[PDB]
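Taking the form deposited in one PDB entry, here's one chain by itself in structure tokens.
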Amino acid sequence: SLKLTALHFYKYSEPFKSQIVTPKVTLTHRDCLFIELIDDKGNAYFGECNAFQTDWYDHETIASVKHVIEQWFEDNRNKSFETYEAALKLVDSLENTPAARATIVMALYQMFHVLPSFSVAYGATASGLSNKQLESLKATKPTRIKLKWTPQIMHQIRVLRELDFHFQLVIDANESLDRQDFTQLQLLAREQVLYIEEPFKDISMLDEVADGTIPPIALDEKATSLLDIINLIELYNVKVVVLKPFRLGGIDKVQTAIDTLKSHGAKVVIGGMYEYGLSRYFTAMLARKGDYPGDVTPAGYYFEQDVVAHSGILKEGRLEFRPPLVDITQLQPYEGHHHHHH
């Protein structure tokens, strides 16, 4: 039997090695909320929140999640629970704030499971094809390469297909294409593209091209909730869904979502978004549940310094994960007298 005795909030904020520049946001740093729940034996368990500092991606922010979790703890502190399933009942009421819910569930999961060490497939991402990028691909031999749609797409695929190893090709089109791209999309179908993520901002454009003449279509940005994913699958010819556990409300919601989406004829890929090494571990752990290898980002891809080191080290085409142990000295109190600045 366990009871929760204390809650602490912390912040981490490392720079992105390369500034993030997208139509939705510019990010210089990944601001991130961490929670620590301490049980009645004095055992501390950490959770990593996937909300951002402002609402550029989603309505839940670091600040909104902090207030939600703080109230949740007031409502649930010192309550006894016997099992993982009893613990999850306590976060039933957080359905409407899935980012907050996922943060708590990440901590609760650790109270009831012995965490394995394991590997997942390495998939590379390329936004273009500089010498630095090409040399990395050649050296690391990924089994999947995700290439960003640009005007150079076909000219770059031709370089990639001369690389001395076979890989699955995914294209990320970033909700950026229009009717003038249909011809190219149809040509792209002859290049063994496993799927294309989000060709169109307006999903109804899929109805304008002959079905089966473009690559299989994935939801990423539009994979916002299980219910809206289902609504889109029932209306349009979507075959692949990129599932981010935090968007579903946490670790515990992933398998049910997968079972349901497979019953509607979709395939699932587990993915993440700008994670530190704590969340990255749980995303990787869940990746084998998907129909295709997960979109797991390697250790060090975004951040020079991490709160959990060695979380997804690339070795011989696979990413290696260890039970994640937060380095407490990297965290800072979120607020109050012990939140300092320099």
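Residues carry their position along the shown sequence, with the first being 1. Take the two forms, find the largest set of C-alpha atoms that superpose within 1.5 Å, and that set is the rigid core.
The form deposited in another entry exists for this protein as well; it is not shown, and the discussion that follows is about that form.
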**Q.** Entry of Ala86, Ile203, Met111, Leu194 that shows, once the rigid core is matched between the shown form and the other one, a C-alpha shift of 2 Å or more
**A.** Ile203
**Q.** Residue shift check between the shown form and the other one, rigid core fit, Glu175 Cα at least 2 Å
**A.** yes
Q | CA of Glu234, rigid core aligned, shift of 2 Å or more between the shown form and the other one | A | yes
Q: Take the rigid core as the frame of reference and indicate whether the C-alpha of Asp259 shifts by 2 Å or more between the shown form and the other one.
A: yes
Q.
Distance change of 3 Å or more between the C-alpha atoms of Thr54 and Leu227 in that other deposited form: closer or farther compared with this structure?
A. farther
Q: Please say whether the CA atoms of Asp259 and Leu115 come closer or move farther apart in that other deposited form, knowing the change relative to this form is 3 Å or more.
A: closer
